[PDB]
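Student: turn this into a structure:
(chains A and B)
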Amino acid sequence: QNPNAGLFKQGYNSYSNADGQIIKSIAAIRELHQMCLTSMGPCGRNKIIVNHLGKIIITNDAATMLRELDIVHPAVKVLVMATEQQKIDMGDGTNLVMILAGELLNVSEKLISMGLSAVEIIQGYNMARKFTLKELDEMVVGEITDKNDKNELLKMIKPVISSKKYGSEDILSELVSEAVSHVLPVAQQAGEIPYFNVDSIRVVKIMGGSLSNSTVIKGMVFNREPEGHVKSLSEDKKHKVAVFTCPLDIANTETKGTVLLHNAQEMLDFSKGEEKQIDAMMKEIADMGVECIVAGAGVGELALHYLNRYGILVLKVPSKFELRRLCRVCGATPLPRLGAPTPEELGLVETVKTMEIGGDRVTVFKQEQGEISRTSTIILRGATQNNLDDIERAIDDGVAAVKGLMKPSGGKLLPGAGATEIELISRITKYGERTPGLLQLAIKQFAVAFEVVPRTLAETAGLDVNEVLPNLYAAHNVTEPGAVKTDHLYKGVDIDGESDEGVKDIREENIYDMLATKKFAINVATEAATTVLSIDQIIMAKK
Amino acid sequence: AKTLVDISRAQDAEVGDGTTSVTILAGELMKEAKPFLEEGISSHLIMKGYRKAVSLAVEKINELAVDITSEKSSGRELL
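Tutor: Numbers count the residues shown, from 1 in each chain, chains lettered A, B, ... in the order given. Right below this line is the structure:
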């Protein structure tokens, strides 16, 4: 009896700005905004998620969690798609993009209720974004020389491990930086040819031990068994490795070729035929100097018997992704046939041995000097499986941080730990009074939206908001008796954890944020909030 | 609560004794932190308060634990 006005389409869902859906869309994001507020920072924690298949995934990274969560509202999917922009390109800063984009909608909610048009809200952020991009170039304090030294890598990697896993940042930094120096060649002042990739560092784990007992290998590490009576090869230089896609067995016909026995006469011929043919093919491989054979397919019973007499190490890698990284080290190439070890396609390994690390004997793959490897692997050890899986996800974020050292402003850095977001407030408000017109409302609120980063770090650390926050404003804003500002520009936001009064200087712990990561995160978070504010209506249909 | 079961399986593996006591101690420590949440105390200082207490406990256990070889004993008389 009671009609409904405004919907002429169908019984599907129609979201219009008349009832304030733009506020409800932010409220739905606000529910997931506080989710990321419990993630970023050293006080954050991983979330336990059980898949529909009965699998438990535990990770601290929020961008990975978004892939494991079911998103209903399509307005959140825009932020999820914008979050992947930060994870795919720079690989770091996903927490800075999602939290800021959620706060840009919070400060815009006060402008919508005030009566300010959403078009002038977007126009204000577009003008404030160009004002921020010009300041980020002048806010650079130090610059990474790209020396690729182990001590120089500890400066960038330490804050990357920070706000993910706390207390292990001293041990994990030496493990990650050691593997980076192994995959990087010797060069300087050359940005033409890229070197470091994201697959150059493999992460393996084993139960037992601790993080202090972990080591770093210069090449791929295999946790499986040698599958033969030969445990390891010798120490001789430049061992030959052959990768075979064809399985190890008597040569057959590509079409069918199933062995059948009609009579006992064919039994002695086919049994001895497999013995003479395989031994003849394995002998030609051993005569060429190949002490290691990589079999991508299954291995027969008679094949393992002859490889033990010739002293050839058996290796089986069914995964094609591991074979690609194997070609980058020794130079071997998979051969479509069996018994033809062409020396041009063969690889060279300096040292390959089977050693016991973490309680179990594993056969690793590494080098010494020649045949420089572009791929390395870090062996992790620990007594806690939950924290062990979290380090695996934390190293992957550190691998992408090394990639940010390339030509697009890789050396420049900005002070982190809340020091950058607060300093942007005084610089943007300086341009607020400079730009006349209605843009002053959106420009001032754009700088206030940066207060969520220092407030979240102080709230999760147990510090009083009424105490640390007014000290943060007085740290970046001071009155100097002179024309040139001086003394401390290094005052950041401190997590404490033991005790302190006021704040601390960033120069003590050398916690810095890359310019390429921060400048790219602001543009993504601005365009993400621009899309949400530009949508005043959402049309959906039931599935 | 699966974490209490996971640490109990590691308690029976790496050690073998105290599988029941490690969960009760972790649960009672959780019960003592219940009034801390009602008063508004954040979990950061709660973690750092217990981690410092355990650090002072291990240093005290080493003083309480008596392992002697050449001091007023030998490898036999002690046993």
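
Student: report how many residues lie close to residue A:126.
Tutor: 14 (other Cβ atoms under 10 Å in any protein chain shown). All C-beta spots, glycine's among them, are computed from the backbone N, C-alpha and C.

Student: now do the contacts for it.
Tutor: Taking Cβ atoms under 8 Å, 6 or more residues apart in numbering or on different chains, we find residue A:126 in contact with A:526, A:530.

Student: so how far is whichever strand or helix holds it off the chain centroid?
Tutor: Per DSSP states H and E: residue A:126 is located in helix A:118-138. Relative to the centre of its chain, helix A:118-138 is centred 29 Å away, using Cα atoms, centre = their mean, to the nearest Å.

Student: quick one: buried residues of it?
Tutor: For helix A:118-138, burial by neighbour count (16 or more other Cβ atoms under 10 Å in any protein chain shown) applies to A:118, A:121-122, A:124-125, A:127-129, A:131-132, A:136.

Student: longest helix of the chain?
Tutor: In the absence of a named chain, this looks at chain A. Once chain A is assigned using DSSP state H, the helix that runs over the most residues is helix A:264-287.

Student: if you could check chain B rather than the one you did, that'd help
Tutor: Secondary structure of chain B per DSSP H: the longest helix is helix B:43-64.

Student: let's see it as CSV, backbone CA atoms only.
Tutor: C-alpha atoms of helix B:43-64 as CSV (Å, rounded to 0.1, in the frame of the first residue of the first chain):
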residue,chain,number,x,y,z
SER,B,43,47.9,-3.6,24.4
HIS,B,44,51.3,-2.1,23.6
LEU,B,45,52.3,-1.3,27.2
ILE,B,46,50.6,-4.6,28.2
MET,B,47,53.0,-6.6,25.9
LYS,B,48,56.0,-4.6,26.9
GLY,B,49,55.2,-5.0,30.6
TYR,B,50,55.1,-8.8,30.4
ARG,B,51,58.1,-9.0,28.0
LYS,B,52,60.1,-7.1,30.6
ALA,B,53,58.9,-9.3,33.4
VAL,B,54,59.9,-12.4,31.6
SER,B,55,63.3,-10.9,30.8
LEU,B,56,63.7,-10.2,34.6
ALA,B,57,62.3,-13.7,35.3
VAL,B,58,64.9,-15.6,33.1
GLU,B,59,67.7,-13.7,34.8
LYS,B,60,66.3,-14.7,38.2
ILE,B,61,65.7,-18.3,37.1
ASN,B,62,69.4,-18.6,36.1
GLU,B,63,70.2,-17.4,39.7
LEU,B,64,67.6,-19.8,41.1
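
Student: other residues contacting it?
Tutor: Residues contacting helix B:43-64 (Cβ under 8 Å, 6+ apart): A:43, A:460-462, A:495, A:497-498, B:29, B:33, B:36.

Student: how about the residues of chain B by chain A?
Tutor: Neighbours of chain A within chain B, by Cβ under 8 Å from any Cβ of the partner chain: B:2-3, B:6, B:10, B:14, B:41-45, B:48.

Student: sorry, back to before: of the contacts of helix B:43-64, which is the nearest to residue B:73?
Tutor: residue B:29 (36.3 Å; Cβ to Cβ).

Student: ok, which pair from the contacts of helix B:43-64 is furthest apart?
Tutor: Going by Cβ to Cβ, the pair spanning those furthest: A:495 and B:29, at 23.2 Å.

Student: tell me which of the two has more neighbours.
Tutor: Each of residue A:495 and residue B:29 has its neighbours counted (other Cβ under 10 Å); residue A:495 has more, 23 against 11.

Student: let's verify residue A:448: helix, strand, or coil?
Tutor: Secondary structure, DSSP: H, G, I helix; E, B strand; the rest coil: residue A:448 is helix.

Student: so where does residue B:21 fall, helix or strand?
Tutor: Assigned by DSSP H and E, residue B:21 belongs to helix B:19-32.

Student: outside of stretch A:88-97, which residues touch it?
Tutor: A:36, A:39-40, A:61-63, A:82-83, A:85-87, A:160, A:163, A:198, A:396-397, A:399-401, A:403-404, A:453, A:514, A:516-518, A:520-521, A:524-525, A:528.

Student: my error: substitute stretch A:531-540 in the last question.
Tutor: Stretch A:531-540 is contacted by residues A:9, A:12-17, A:21-22, A:25-26, A:29, A:74-75, A:78-79, A:82, A:101, A:105, A:108, A:118, A:121-122 when judged by Cβ under 8 Å, 6+ apart.

Student: rerun at 6 Å
Tutor: A:13, A:15-17, A:78, A:105, A:108, A:118, A:121-122 (Cβ atoms under 6 Å, 6 or more residues apart in numbering or on different chains).

Student: how close does the residue in chain A sticking out farthest from the centre sit to residue B:24?
Tutor: Computed with Cα atoms, centre = their mean, the residue of chain A farthest from its C-alpha average is residue A:265, at 61.7 Å. Residue A:265 sits 74 Å away from residue B:24, going by Cβ to Cβ, to the nearest Å.

Student: from the contacts of helix B:43-64, list just the buried residues.
Tutor: With neighbours counted by 16+ other Cβ under 10 Å, the contacts of helix B:43-64 contain buried members at A:43, A:460-462, A:495, A:497.

Student: nearest to chain A: which residue in chain B?
Tutor: With Cβ to the nearest Cβ as the measure, residue B:42 is the residue of chain B nearest to chain A, at 3.6 Å.

Student: please, where are all the helices along the stretch 151-300 of chain A?
Tutor: Shown for the stretch 151-300 of chain A, the helices assigned by DSSP state H, counting those that start in this stretch span residues A:169-183, A:264-287.

Student: tell me what the last one is packed against?
Tutor: Pointing back at helix A:264-287 there. Contact partners of helix A:264-287 among helices and strands, from 3 or more Cβ pairs under 6 Å, 6 or more residues apart in numbering or on different chains; DSSP states H and E: helix A:301-309.

Student: for the helix it packs on, packing partners?
Tutor: helix A:264-287.

Student: dump stretch A:74-82 to PDB, restricted to CA.
Tutor: As requested, the backbone C-alpha atoms of stretch A:74-82 are provided in PDB (Å, rounded to 0.1, in the frame of the first residue of the first chain):
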ATOM      1  CA  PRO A  74      32.000  -2.000  -5.000                       C
ATOM      2  CA  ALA A  75      33.200   1.400  -3.600                       C
ATOM      3  CA  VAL A  76      35.800  -0.500  -1.500                       C
ATOM      4  CA  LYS A  77      36.900  -2.400  -4.600                       C
ATOM      5  CA  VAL A  78      38.100   0.900  -6.000                       C
ATOM      6  CA  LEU A  79      40.500   1.200  -3.000                       C
ATOM      7  CA  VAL A  80      41.500  -2.400  -3.400                       C
ATOM      8  CA  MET A  81      42.300  -1.900  -7.000                       C
ATOM      9  CA  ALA A  82      44.200   1.300  -6.000                       C
END
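
Student: what does it rub up against?
Tutor: A:25, A:29, A:66, A:71, A:101, A:524, A:528, A:531.

Student: can I get the residues of chain B next to chain A in TSV with neighbour count?
Tutor: Formatted as TSV, these follow (neighbours: other Cβ atoms under 10 Å in any protein chain shown):
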residue	neighbour count
B:2	9
B:3	11
B:6	13
B:10	15
B:14	10
B:41	14
B:42	16
B:43	16
B:44	19
B:45	16
B:48	16
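
Student: so which residue is smack in the middle of chain B?
Tutor: Nearest to the geometric centre of chain B sits residue B:54, at 6.8 Å (Cα atoms, centre = their mean).

Student: returning to that earlier point: is it possible to mark the buried ones in the contacts of stretch A:531-540?
Tutor: Applying 16+ other Cβ under 10 Å to these flags A:15, A:78, A:105, A:108, A:118, A:121-122 as buried.

Student: out of those, who's nearest chain B?
Tutor: residue A:105 (25.7 Å).

Student: is it true that that closest one touches residue A:26?
Tutor: Yes - look at residue A:105 against residue A:26 with Cβ atoms under 6 Å: they come within range, at 4.5 Å.

Student: closest to the centroid, which residue in chain A?
Tutor: residue A:397 (3.0 Å).

Student: which residues touch that one?
Tutor: So residue A:397 contacts residue A:92 (Cβ under 6 Å, 6+ apart).
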